[PDB]
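As structure tokens, the structure follows; a few thoughts come after it.
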Amino acid sequence: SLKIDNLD
Amino acid sequence: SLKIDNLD
Amino acid sequence: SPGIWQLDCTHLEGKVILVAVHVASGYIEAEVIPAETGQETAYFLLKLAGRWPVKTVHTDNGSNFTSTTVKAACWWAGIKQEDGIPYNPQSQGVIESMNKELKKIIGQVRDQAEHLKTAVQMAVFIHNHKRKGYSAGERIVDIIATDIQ
Amino acid sequence: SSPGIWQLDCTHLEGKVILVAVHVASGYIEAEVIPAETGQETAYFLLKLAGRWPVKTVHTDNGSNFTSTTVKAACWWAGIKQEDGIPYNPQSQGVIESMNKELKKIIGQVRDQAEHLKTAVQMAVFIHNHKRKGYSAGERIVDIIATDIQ
Ligand SMILES: [Cl-]
Ligand SMILES: [Cl-]
Ligand SMILES: [Cl-]
């Protein structure tokens, strides 16, 4: 999802 | 429960 | 004093951020929990005292001061549990200002993290590395090393 | 054995995973219990560690955490050089094994004082780090980094 903790 | 993390 | 820490509890996004500040350096550790309970506070203090030489903790309110679980953790880990009464009125102000700083930091990183707990650890990292000249993480290491010697 | 070097180590107990970071020059440790080792859990753990100590290099515990792009993204974020954990020094292999066996021994000594394994692990981190063998590991890490700051 484009987050450091959720790259997806 | 007598335990440090559950005094019950 | 090298061993003295202050607990502080602040709210964001319907959740609770529990913070321990090392008073002499301003260095902090923090975690996100769904609500402040004596069991969460006790576990947080056990974590803190295994990582730094925690001699005294000023608790953040009367419920954690009273809590027998918190007192049991402070017994286990060799911590003197004290109240957090600001006999020095400066103490109220300093904590309020740190909560406002941390919240500011958290807003600056918030979009980089899906979960609030990540944003809070990014804020701990920025807070502890910030040069004001030394950082809080440098100051805490210097203070305790001086004390060990 | 420079002040900023840490090693990750993953061990199992009670159907659960204990992730450990060791500061190689002092033996000081931080640890947490997780249900399984995933790159997201390892990445979060390293972000925690690097906000609390000046972490320059981490030798990862296996090739999946070395490969994990989430672990690489946390190491990028926190300014950490991510390295493999190959024991080019065979001593290194032995020192980890024997720390896992010591931690597990300590966990058995406290296990009955805690309902949850995560409590028992934090009590073992506390005992490990305070044990004088003479300085404790928590004393050695502070001295090492303070000397480096100066
Ligand atoms: Cl696993
Ligand atoms: Cl730091
Ligand atoms: Cl310690």
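Protein chains in written order, with the entry's author numbering: chain Y, 1 to 8; chain X, 1 to 8; chain B, 57 to 188, 193 to 209; chain A, 56 to 188, 193 to 209. Here a beta-carbon is modelled for each residue, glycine too, at the ideal position from N, C-alpha and C.
(1) Taking 7 Å as the cut-off, is the CB of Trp61 (chain A) close to at least one heavy atom of ligand 2?
(2) May I have the straight-line CA-CA distance separating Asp202 (chain A) from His185 (chain B), to the nearest angstrom?
(3) Quick one: what's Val201 (chain B) bridged to in DSSP?
(4) Exposed or buried, which one is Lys103 (chain A) when buried takes at least 16 other CB atoms within 10 Å?
(5) Within 10 Å of its beta-carbon, does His78 (chain B) have 16 or more other beta-carbons around it, so buried, or fewer, so exposed?
(6) Have a look at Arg199 (chain A) and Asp64 (chain A) and give me their C-alpha separation to the nearest angstrom.
(7) Between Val72 (chain A) and ligand 1, is the CB less than 7 Å from at least one heavy atom?
(8) Tell me whether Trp131 (chain B), by its Cβ, gets closer than 7 Å to a heavy atom of ligand 3.
(9) Just how far apart, CA to CA, sit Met154 (chain A) and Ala76 (chain A)?
(10) Whole angstroms is fine: what's the gap from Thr125 (chain B)'s alpha carbon to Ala129 (chain A)'s?
(11) How about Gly197 (chain B): is its Cβ closer than 7 Å to a heavy atom in ligand 2?
(12) Our contact map puts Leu74 (chain B) next to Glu92 (chain B) with C-beta atoms below 8 Å; I'd like the distance itself, whole angstroms only.
(13) Pull up the distance between the alpha-carbon of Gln137 (chain B) and that of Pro145 (chain A), whole angstroms please.
(14) Output the distance between the C-alpha atoms of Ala98 (chain B) and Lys173 (chain B), rounded to the nearest integer angstrom.
(15) What residue range does the alpha helix (DSSP H) around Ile182 (chain B) cover?
(16) Give a single yes or no on whether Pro109 (chain A) has its beta carbon closer than 7 Å to a heavy atom of ligand 2.
The answer reads as follows:
(1) no
(2) 19 Å
(3) None, per the DSSP bridge assignment.
(4) buried
(5) buried
(6) It is roughly 20 Å from the alpha-carbon of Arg199 (chain A) to the alpha-carbon of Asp64 (chain A).
(7) Yes.
(8) Checking every heavy atom of ligand 3 against the Cβ of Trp131 (chain B), none is found closer than 7 Å.
(9) 11 Å
(10) 34 Å
(11) yes
(12) 6 Å
(13) 45 Å
(14) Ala98 (chain B) and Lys173 (chain B): Cα-Cα distance of roughly 19 Å.
(15) 172-185
(16) Because some heavy atom of ligand 2 lies under 7 Å away, the Cβ of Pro109 (chain A) counts as near it: yes.
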